[PDB]
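> 3D, please:
(chains A and B)
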Amino acid sequence: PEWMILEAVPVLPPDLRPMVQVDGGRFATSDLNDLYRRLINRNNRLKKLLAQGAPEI
Amino acid sequence: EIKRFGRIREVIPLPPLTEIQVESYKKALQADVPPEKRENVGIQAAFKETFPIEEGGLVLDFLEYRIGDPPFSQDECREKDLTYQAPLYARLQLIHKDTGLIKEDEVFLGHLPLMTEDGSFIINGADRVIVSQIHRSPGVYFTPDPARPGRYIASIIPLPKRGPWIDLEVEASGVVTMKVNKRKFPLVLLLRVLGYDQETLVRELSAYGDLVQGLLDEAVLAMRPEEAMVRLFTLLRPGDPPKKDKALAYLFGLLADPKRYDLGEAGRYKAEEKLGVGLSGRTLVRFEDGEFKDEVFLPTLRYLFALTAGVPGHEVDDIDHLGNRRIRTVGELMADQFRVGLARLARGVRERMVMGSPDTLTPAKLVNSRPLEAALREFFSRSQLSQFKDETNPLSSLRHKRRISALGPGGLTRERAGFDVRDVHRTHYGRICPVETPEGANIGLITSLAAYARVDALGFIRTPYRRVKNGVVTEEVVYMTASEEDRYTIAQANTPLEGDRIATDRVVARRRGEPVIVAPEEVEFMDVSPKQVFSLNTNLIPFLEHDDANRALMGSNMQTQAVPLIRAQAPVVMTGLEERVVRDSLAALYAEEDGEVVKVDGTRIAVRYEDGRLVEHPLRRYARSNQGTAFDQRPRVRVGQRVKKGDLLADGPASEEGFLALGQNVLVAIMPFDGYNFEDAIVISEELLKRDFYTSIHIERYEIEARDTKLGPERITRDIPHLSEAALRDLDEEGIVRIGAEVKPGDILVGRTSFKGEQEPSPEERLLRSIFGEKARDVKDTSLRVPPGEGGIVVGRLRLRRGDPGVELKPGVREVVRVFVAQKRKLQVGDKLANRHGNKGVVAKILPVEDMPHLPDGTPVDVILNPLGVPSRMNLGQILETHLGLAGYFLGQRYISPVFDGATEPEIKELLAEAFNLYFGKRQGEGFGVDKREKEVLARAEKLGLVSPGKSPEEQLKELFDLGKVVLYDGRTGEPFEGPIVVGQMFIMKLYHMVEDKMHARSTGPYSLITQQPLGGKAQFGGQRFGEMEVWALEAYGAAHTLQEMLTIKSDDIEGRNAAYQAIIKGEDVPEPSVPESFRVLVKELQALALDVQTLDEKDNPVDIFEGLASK
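Numbering: from 1, shown residues only, chains lettered A, B, ... in the order given. Sharing the structure here:
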């Protein structure tokens, strides 16, 4: 049951959530990339905040 | 010669048909109106409601607003692919309250798109139109509870974005509850600060008895305004702590705020004349002397509780009634979004004040363009009410402009539309067309405005009615709204008149959409014309009385899909509205004043006017439309004849001598032919292709963009590395196709070279490179080549290069090159044809002139339609059109038969008799009697009793002729057809759908990156989607390998399709595939959800579908 509480978070392969430019030079990307990204910012910010000694709040 | 029918003479002409968009957008602009004398409505309403703003101690204010002149004209904006717009400069004075500092200073705002004369805008070089929206009128209303059968729930409501919906509902405790923004609370608790207590709520309030005690709560009535203000602020907004000043400000912004809450002027008026009270402003309550004072709630609770008592005079409102429904026109919408953007700008201003230097700041630094710019940009580009203009023909854009949609933001959607808003209410009569509407999931949602229907200032659609006093009709025409119509009793347009007064004792009338037979003494009104009960396209259907509603709908909708033809002709039998259609469409050139034509040619028609000025009219020749249909103007005037004012000069694509020409007039025979006309299929005589009938011109335009990639700059040039001589022919100098060059699919319109991503040639590849010794060179060929199925001649040439005047190109891109390509399309097998009566059809095989069912004079028929389509669809109008078309073909005159005031059977029969006298008379004048085969057909027609026995063959052929049926000889045999067959002139239409565009097949093309599925649509060179239902079909058949190929090899399976193509190329049988490869994506996606997906084997063991790939 404890597996339902996730420690390591699986990350989908790049070609499944691709980022590629098109005609006109402009780029294109999946929303999953941005989601994963924000998850990463929050996780790393918390990561350094825990080692920081920041207050419980 | 042109003959008119009917006794109903419209006293009033059809009002300007493009007027809704043009006038509404006129009232929301006030360009010519001085900044002093302006109306304070529309854009200036936005200004005055967003200003002044005060929040140190800055005080802003507005002064004026200025319309700029367009930086580029229509055509320029269209071919630059730029929105047609002009700079709007607000002149706004900034002041300081405490300092007394006055720095006035003008400012900018943004770019505002201008509506053209036809009534459409241009966004990003594309002509677009904003459709009118239909919702319910502002005000308050009362309807029985969905939950409770015994009572009536109350509703209060303003304009959208002008503040929230309000619902007064008695819960069943006996207690009352109010609902705004999804929540519950008693009314008294709201009565609160409005200056009411126990006594003031029990005083008058009871004529009731039982209804007074459910209102009262002594716990709330004990506390007084600011305390219960804190209470309601605690309930309705739990987020922030229950402060008193927060409650004050918030609940002031919710109700008493004239800016934040604007109840419609029409809603103001209507609510004022319903509740039996009056209202100062547009606000629900008033903030006065620091305390709130009641406006709305008191009389609406009065009317609520009164109606629920059962006292006379109070009644439930009709929801779908058009008196309770109003139209959002283009100006009101534009102004709405304008004021939204203006609000965002207000917030920007407010943010910019509290920093920097509060002492000296010009309004120039305080104000930004982007909020309003992006607001308007978003509304024009994105919003559902803004859609691509219909350029297929003039009537297309006309009707598209007269279209009324219930969809879009702020309106309703496909899902929440039941039989409520889809149906036809009593009041749709002279306002909304009961027939015209798409035959799709959108039925009843998107409808059209009636011919004589008009929209007033309040957004209420009104319709003309002639007032009649004591049987005597008055020339005074009154435009009345739905309620105003509901009050009076209205007669019919076809009611018999004896020189301006009523004849019959029984007059057809109505009281609120209810047919009643009644005397001339009590009739106060009459219809102007039956035409006002239908839209424009519906009004173009002759003998509409004889056609079923469904096929009439289809008729109009198909008239919208009309493609212009080169030889295109106006119908033989018309309703008479075609003229005004071509006039108000502005697709034709007329004479602005009296004058004389001093020249013609196909470019400039110059006229020397009586006023002395010499004015030339430039003619648009072969201009590409949205759908591709050519827009062309052919002058009909001789050089040197004096024109009147308003007189025609040049026709439109869809015009003939000032008449609407949609399809052409052809000779139809109604009869089965060799099963070729089976299921409404259309056989056609090849003769049409000889006369260039139904030949349409379609210009399709392709563009290309030279950019600078990080690898290197793209360039437009004639030089291409591997290109042979013969393929470079028409490319003359800069690598662009010349004018007038035929381009085959695969041929290069313009050349382009882009440096390839630098990579090695493969060992075999470089072996080849060495063998031929041809230098592997730098750049690779990116050139634009015309897509398959498409091709034609090159007319237009456009090159926009950067570093050159008049053009600003987006970053990174050097130059854009665009080519117009026009195609000549004759009617082909598979093309679509249809009539005004809603008879669809495809061209099924064309027939040579040799074998045709023809007349005794050798005249062949042009179509042969199938009669079996007639009785099911129940459109008899086409039959009459065919009869009158026969008579018209023979006596050489056209006809005008208005809707519901028509030609009749005896009239048509008489015309047939006359035409027969001429025809047979000419037969015997040339020294010919009656043919033997005709005697045969007449004999067998006599036995079945189509003709009176004992009468000579002349009189029997006569009796048969007025029936519309004549003797027909089979061109294949020469033997006559057993029975007589109706023939005549029908007006038939080539429509948008063609085989040329719609035929596509594919073997192996591009595939999507995410999943390996082929792309969709023809434009992408796509494969056909095999749906789930089709899977069910294959499964039902029990074809396992067919379904397998469908699911694996032939669709997305990489190794499968590769090895298969390999096998067929080498002449094998295709192998068995393995992994669909979308399924692997499914597996890894499932693993991304942290779900372990194990593909097992016969014995519960892991089988890895990723081969040495993700194994690790």
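> So which residues on the stretch 601-750 of chain B come close to chain A?
B:705, B:707, B:709 (C-beta under 8 Å from any C-beta of the partner chain). From N, CA and C alone the C-beta is placed, and that goes for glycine too.
> For ChimeraX, what selects the buried ones among those residues?
Buried members of those, defined by 16 or more other C-beta atoms under 10 Å in any protein chain shown, are picked up in ChimeraX with:
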select /B:705,707
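> Nearest to residue B:856 among the residues of the stretch 601-750 of chain B next to chain A?
Among those, residue B:705 lies closest to residue B:856 (C-beta to C-beta), at 63.9 Å.
> and that closest one, what element?
Taking DSSP states H and E as the definition, one finds residue B:705 inside strand B:696-707.
> Next, the buried residues of that strand.
Counting neighbours by 16+ other C-beta under 10 Å, the buried set in strand B:696-707 is B:696, B:697, B:698, B:699, B:700, B:702, B:704, B:705, B:706, B:707.
> Could you export stretch B:847-861 as CSV, CA atoms only?
Extracted C-alpha coordinates of stretch B:847-861, given in CSV (Å, rounded to 0.1, in the frame of the first residue of the first chain):
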residue,chain,number,x,y,z
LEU,B,847,-24.6,12.1,-71.7
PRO,B,848,-23.6,12.8,-75.3
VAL,B,849,-26.0,15.1,-77.3
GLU,B,850,-26.5,12.2,-79.8
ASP,B,851,-28.7,10.1,-77.5
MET,B,852,-31.1,12.4,-75.6
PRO,B,853,-34.8,12.5,-74.9
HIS,B,854,-35.6,15.3,-77.3
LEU,B,855,-38.5,17.3,-78.7
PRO,B,856,-40.1,16.8,-82.2
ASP,B,857,-38.2,19.9,-83.3
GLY,B,858,-35.0,18.2,-82.4
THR,B,859,-34.4,20.2,-79.2
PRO,B,860,-32.6,18.0,-76.6
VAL,B,861,-33.2,18.3,-72.9
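> Name the residues that touch that stretch?
Here stretch B:847-861 makes contact (C-beta atoms under 8 Å, 6 or more residues apart in numbering or on different chains) with B:667-669, B:671, B:673, B:676, B:683-687, B:690, B:864, B:923, B:931, B:934, B:966-972, B:977, B:981, B:983.
> And what about whichever residue of the stretch 201-350 of chain B sits closest to chain A, helix, strand or coil?
Proximity of the stretch 201-350 of chain B to chain A (C-beta to the nearest C-beta) peaks at residue B:241, 18.6 Å away. Secondary structure, DSSP: H, G, I helix; E, B strand; the rest coil: residue B:241 is coil.
> for residue B:355, same thing?
Assignment for residue B:355 (three-state DSSP): coil.
> what separates it from residue B:477, distance-wise?
Taking C-beta to C-beta, to the nearest Å as the measure, residue B:355 falls 62 Å from residue B:477.
> Tell me which residue is most central in chain B.
When C-alpha atoms, centre = their mean is applied to chain B, the residue found nearest the centroid is residue B:400 (4.2 Å).
> Tell me if that residue really is in a helix.
Yes - per three-state DSSP, residue B:400 lies within a helix segment.
> Quick one: residues contacting it.
Taking C-beta under 8 Å, 6+ apart, we find residue B:400 in contact with B:129, B:131, B:389, B:390, B:560.
> repeat for residue B:786
By C-beta under 8 Å, 6+ apart, the residues touching residue B:786 are B:702, B:743, B:744, B:745, B:746, B:747, B:749, B:821.
> Which ChimeraX command selects the buried ones in those?
To isolate the buried ones among these in ChimeraX, judged by 16+ other C-beta under 10 Å, type:
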select /B:702,743,747,749,821
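> Dump the contacts of residue B:786 into a markdown table; add secondary structure as well.
Converted to a markdown table, the contacts of residue B:786 look like this (three-state DSSP):
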| residue | secondary structure |
| --- | --- |
| B:702 | strand |
| B:743 | strand |
| B:744 | coil |
| B:745 | coil |
| B:746 | coil |
| B:747 | coil |
| B:749 | strand |
| B:821 | strand |
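> ok, residue B:264 touching residue B:158?
Yes - using C-beta atoms under 8 Å, residue B:264 is in contact with residue B:158, at 6.5 Å.
> Find the residues that touch each one of those two.
The contact lists of residue B:264 and residue B:158 share B:138, B:282, where a contact means C-beta under 8 Å, 6+ apart.
> Could you check how far the residue nearest to the centre of chain B is from chain A?
30 Å (C-beta to the nearest C-beta, to the nearest Å).
> Counting neighbours, what do you get for residue 53?
By default, I'm working from chain A. 6 (other C-beta atoms under 10 Å in any protein chain shown).
> try again with chain B
17.
> next one: the one 5 residues further on
Around residue B:58 sit 22 other residues, with neighbours defined as other C-beta under 10 Å.
> give the contact list for it.
B:94, B:96, B:97, B:353, B:358.
> In chain A, which residue sits nearest chain B?
Closest point on chain A to chain B, by C-beta to the nearest C-beta, is residue A:12, at 4.1 Å.
> which one is that residue nearest to, not counting chain neighbours?
residue B:1088 (4.1 Å; C-beta to C-beta, 6 or more residues apart in numbering or on different chains).
> before we move on, the earlier item: looking only at neighbour counts, state which of residue B:355 and residue B:477 leads.
Ranked by neighbour count (other C-beta under 10 Å), residue B:355 and residue B:477 place residue B:477 first, with 14 against 8.
> wait, is the more buried one part of a strand?
Yes - assessed with three-state DSSP, residue B:477 lies in a strand.
> mind checking how far it is from chain A?
In this view, residue B:477 and chain A are 57 Å apart by C-beta to the nearest C-beta.
> what does the stretch 151-300 of chain B put close to chain A?
Residues of the stretch 151-300 of chain B lying near chain A (C-beta under 8 Å from any C-beta): none found.
> where along the stretch 151-300 of chain B do the strands fall?
Along the stretch 151-300 of chain B, counting by DSSP state E, counting those that start in this stretch, strands occupy B:152-157, B:166-170, B:176-179, B:285-288, B:291-294.
> Any chance of JSON lines for these, columns mean neighbour count?
Formatted as JSON lines, these follow (neighbours: other C-beta atoms under 10 Å in any protein chain shown):
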{"stretch": "strand B:152-157", "mean neighbour count": "21"}
{"stretch": "strand B:166-170", "mean neighbour count": "20"}
{"stretch": "strand B:176-179", "mean neighbour count": "19"}
{"stretch": "strand B:285-288", "mean neighbour count": "18"}
{"stretch": "strand B:291-294", "mean neighbour count": "17"}
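> List just the one of the ones you listed that sits closest to residue B:311.
Nearest to residue B:311, of the strands of the stretch 151-300 of chain B and by C-beta to C-beta, is strand B:152-157 at 12.5 Å.
> Now for residue 5, how many residues are close by?
If you meant another chain, say so; for now it's chain A. Number of residues near residue A:5 (other C-beta under 10 Å) recorded here: 6.
> Correction: the question concerned chain B.
Neighbours of residue B:5 using other C-beta under 10 Å come to 18.
> Might one say that it is in contact with residue B:893?
No - using C-beta under 8 Å, residue B:5 is not in contact with residue B:893, being 12.0 Å away.
> How about chain B: which residue is closest to chain A?
Nearest to chain A in chain B, going by C-beta to the nearest C-beta, is residue B:1088, at a distance of 4.1 Å.
> for that residue, what are its contacts?
Residue B:1088 sits next to A:10, A:11, A:12, A:16 when contact means C-beta under 8 Å, 6+ apart.
> Tell me the secondary structure at residue 47.
If you meant another chain, say so; for now it's chain A. helix.
> hm, I was asking about chain B
Residue B:47 ends up helix, using three-state DSSP.
> Quick one: the helices in chain A, in order.
Under the criterion DSSP state H, helices of chain A are mapped to A:31-52.
> Find the nearest non-adjacent residue to the most centrally placed residue in it, please.
Centroid-nearest residue in chain A: residue A:36, 2.5 Å away (criterion: C-alpha atoms, centre = their mean). Spatial nearest neighbour of residue A:36, excluding adjacent residues (C-beta to C-beta, 6+ apart): residue A:11 at 6.5 Å.
> Surely the one you found touches residue A:37?
No - if you go by C-beta under 8 Å, residue A:11 and residue A:37 don't touch, sitting 11.0 Å apart.
> All good on my end, thank you.
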